[PDB]
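Peer 1: Would you mind keeping the following structure in view while I ask a few things?
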Amino acid sequence: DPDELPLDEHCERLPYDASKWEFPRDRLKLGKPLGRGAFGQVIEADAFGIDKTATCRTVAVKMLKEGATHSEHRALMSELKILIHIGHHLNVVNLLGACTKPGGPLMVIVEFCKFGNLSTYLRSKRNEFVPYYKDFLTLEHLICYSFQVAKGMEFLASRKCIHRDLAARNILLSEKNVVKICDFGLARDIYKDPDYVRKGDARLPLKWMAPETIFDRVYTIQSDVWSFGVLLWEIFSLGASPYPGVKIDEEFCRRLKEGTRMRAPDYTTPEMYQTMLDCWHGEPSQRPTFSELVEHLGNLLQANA
Ligand SMILES: COc1cc2nccc(Oc3ccc(NC(=O)/N=c4\cc(C)o[nH]4)c(Cl)c3)c2cc1OC
């Protein structure tokens, strides 16, 4: 079914309306790099007037770096088109503009999320956590983050997109405890990142991948639900690495097929752990949908109050 088909697949037919999205290069001041991959990078910048008249705005800019080729340039352009087509949501990193004019690099400009990726943030807060003192993390915050990511994913699903690398490292934290789904893509160095394992010529986030994705190489929204379950484990471990100490080999993949699951993380509630287990159902059609996760986490959020 073409309607099931992720817009990600046929991006080349998506419009780029420059009269709306093009931002003048002479209004963007590039600062220091925030992160770098092999072929891509994200740079901190100040954009003059990009979202509000005459207002300086700190933004993040994704662009390529030494090593990239025309194929990565094409990939970044497709990413830009995808972001445009998806549209705005509180819990997805918001596109502000782009520089596509010849004579300089392709630049994708998005809102700056000052606290960075959620995994690192949660670990820096282990010292400042109480289950139920200002600036302290609490259980309510953890549930609220989970709810927000479910909302963003429900939204992405509704725009006919699937993420394919959902993990705490791809969630960013902005001010006022708002989290945003991201995909660093080329701006992450995956051959240097332990989270990505060599399988063939590819490097894959095995510890986050559903069984059907590992064995049959199928990516669906329900396999994102499986990954969301792992993300939940990350959140309620305050940013621990999944399957700690475990060797991620073919025996690991088999155990996973058999029904082996992670034990509960140190900060979970019973209901949150059952939710993870639900997300990790061997049968994809028996996992909850993101719509159901949204309703359920909202209920948990209210009960925790
Ligand atoms: C404080 O430190 C950082 C703050 C950041 N704040 C905002 C954005 C950042 O990096 C990006 C991460 C991802 C994308 N792209 C992106 O998310 N593309 C998508 C997402 C989806 C669904 O389809 N395409 C971009 Cl442009 C930029 C940041 C990186 C930081 O430190 C490294």
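Residue positions begin at 1 at the first shown residue.
Looks like X-ray crystallography, 1.8 Å, at least that's what the header says.
Even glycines carry a Cβ here, placed using N, Cα and C.
According to Swiss-Prot, the record shows the following:
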BINDING   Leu34, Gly35, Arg36, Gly37, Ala38, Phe39, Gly40, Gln41, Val42, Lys62  ATP binding site
MOD_RES   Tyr133  phosphotyrosine
DISULFID  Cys161-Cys182  disulfide bond
ACT_SITE  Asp165  active site, proton acceptor
MOD_RES   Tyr191  phosphotyrosine
MOD_RES   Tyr196  phosphotyrosine
Peer 1: Going by Cα-Cα distance, which of the recorded positions (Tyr133, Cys161, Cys182, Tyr191) sits nearest to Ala38 (ATP binding site)?
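Peer 2: Ranked by Cα distance from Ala38 (ATP binding site), first place goes to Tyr191.
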Peer 1: Could you give the Cα-Cα distance between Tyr191 (phosphotyrosine) and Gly40 (ATP binding site), in whole Å?
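Peer 2: Approximately 13 Å lies between the Cα of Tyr191 (phosphotyrosine) and that of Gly40 (ATP binding site).
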Peer 1: State the count of C-beta atoms found within 10 angstroms of the C-beta of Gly40 (ATP binding site), not counting that atom itself.
Peer 2: 24
Peer 1: For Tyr196 (phosphotyrosine), which of the recorded positions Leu34, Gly40, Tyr133, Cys161 has the nearest Cα in space?
Peer 2: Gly40
Peer 1: Tell me the Cβ contacts of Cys182 (disulfide bond) under 8 Å, same chain only and six or more apart in sequence, or just say none.
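Peer 2: Counting only residues 6 or more apart in sequence, the Cβ neighbours of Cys182 (disulfide bond) under 8 Å are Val93, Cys113, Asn170, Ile171, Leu172.
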Peer 1: Measuring CA to CA, name the entry from the recorded positions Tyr133, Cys161, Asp165 that ends up nearest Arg36 (ATP binding site).
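Peer 2: Of the recorded positions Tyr133, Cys161, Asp165, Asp165 has its Cα closest to that of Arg36 (ATP binding site).
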Peer 1: To the nearest Å, how long is the straight line joining the Cα atoms of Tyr132 and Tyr133 across 7 unmodelled residues?
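Peer 2: Taking the Cα atoms on either side of the gap gives 10 Å.
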Peer 1: Give me the Cα-Cα distance between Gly40 (ATP binding site) and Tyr133 (phosphotyrosine), rounded to a whole Å.
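Peer 2: Just about 40 Å between their Cα atoms.
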Peer 1: Assuming the binding residues for ATP are exactly those in the record, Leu34, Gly35, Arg36, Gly37, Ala38, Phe39, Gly40, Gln41, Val42, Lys62, what is the maximum CA-CA distance in angstrom, rounded?
Peer 2: 14
Peer 1: Can you tell which of the modified residues (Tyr133, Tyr191, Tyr196) has the fewest other C-beta atoms within 10 angstroms of its C-beta?
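Peer 2: Counting other Cβ atoms within 10 Å of each of the modified residues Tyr133, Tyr191, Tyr196 gives the minimum at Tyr133.
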Peer 1: How many Å lie between the Cα of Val42 (ATP binding site) and the Cα of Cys161 (disulfide bond)?
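Peer 2: Cα-Cα, rounded: 23 Å.
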Peer 1: Among the recorded positions listed here (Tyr133, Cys161, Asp165), which has the Cα closest to the Cα of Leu34 (ATP binding site)?
Peer 2: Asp165
Peer 1: Do any residues at least six apart in sequence from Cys161 (disulfide bond), in the same chain, have a Cβ closer than 8 Å to its Cβ, and if so which, in order?
Peer 2: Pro6, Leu7, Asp8, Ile82, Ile86
Peer 1: Measure from each Cβ of the recorded positions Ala38, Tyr133, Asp165, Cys182 to the atoms of ligand 1 and list the residues where some distance is under 6 Å.
Peer 2: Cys182
